[PDB]
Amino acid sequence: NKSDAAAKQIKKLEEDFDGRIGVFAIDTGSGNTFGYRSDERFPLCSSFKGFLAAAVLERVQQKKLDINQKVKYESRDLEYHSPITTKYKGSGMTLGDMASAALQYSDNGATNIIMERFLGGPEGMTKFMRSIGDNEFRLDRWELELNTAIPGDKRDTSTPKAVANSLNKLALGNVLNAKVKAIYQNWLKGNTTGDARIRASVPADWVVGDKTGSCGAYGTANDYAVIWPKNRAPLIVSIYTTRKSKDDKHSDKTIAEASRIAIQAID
């Protein structure tokens, strides 16, 4: 019953707005999962930046990097949408502050700088994900070219399942030690771009950490989250969407509703 009904609901929703919805949800308390198109590919957009922040924290933990080291970029021509890096250009930022800016504000300067100097580019980022056992995730391009969201293109994509599994590994599992994992969680809980998506789908009193992404083409947008309900084990939700036409705008309310439906399916 419950799982097929949830499918019928998402199907109608994707048809309502003439596009495609991918979902994967996990209740870590029971192990119960729900998936819809969960093995199909969707553009990552900025959502990868939440994994990039984890790859940084892993380097810190392995002692290859220090969370407080100054990263200077006084001479750099910063990408579009660098709200945070542009204000510290004159003085630099710590690696930690930069990594969290990439996450919480989706800062492209933070992102490109980190990948060029610490993470070995898109192939390095992809390699990081393989190291935690994620085979689907691929980053091929840098900000902002990875945003084209061209129908049929596999570059810069993953699957809802793959993303959920990974976020679980990174946020709730054992890739990061107790201390570094807590930092990562705080970064996620501090995300500023997510209020109309998964967070909109659950009580205001529940604690949520997320990373959104919005390509700004082909109505492509997404969100992933760890949710701590009051007095319950955490949930993991992963919502990815595309639309038919280049000029379609993304739909926050669809994401929110997909999340509403998924959370119930695993209940």
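Residue numbers run from 1 along the displayed sequence.
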**Prompt:** According to the deposited model, is the average Cα temperature factor higher in 222-230 or in 44-52?
**Reply:** 222-230
**Prompt:** Looking only at CA atoms, which has the higher mean B factor in the entry: 130-138 or 106-114?
**Reply:** 130-138
**Item:** Of the residues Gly213, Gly35, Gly209, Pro203, the one carrying the largest Cα B-factor as recorded
**Value:** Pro203
**Item:** Peak C-alpha temperature factor (PDB record), options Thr192, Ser166, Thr159, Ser91
**Value:** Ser91
**Asked** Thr254's Cα B-factor: lowest, middle or highest third of the chain?
**Response** lowest
**Fill in**
Tertile call for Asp153 (CA temperature factor, within chain, third-based) is the highest
**Assigned third (lowest, middle, highest) for the C-alpha B factor of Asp97** = middle
**Prompt:** Would the CA B-factor of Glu143 place it in the lowest, middle or highest third of its chain?
**Reply:** lowest
**Asked** Lowest, middle or highest third of the chain for the C-alpha temperature factor of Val237?
**Response** lowest
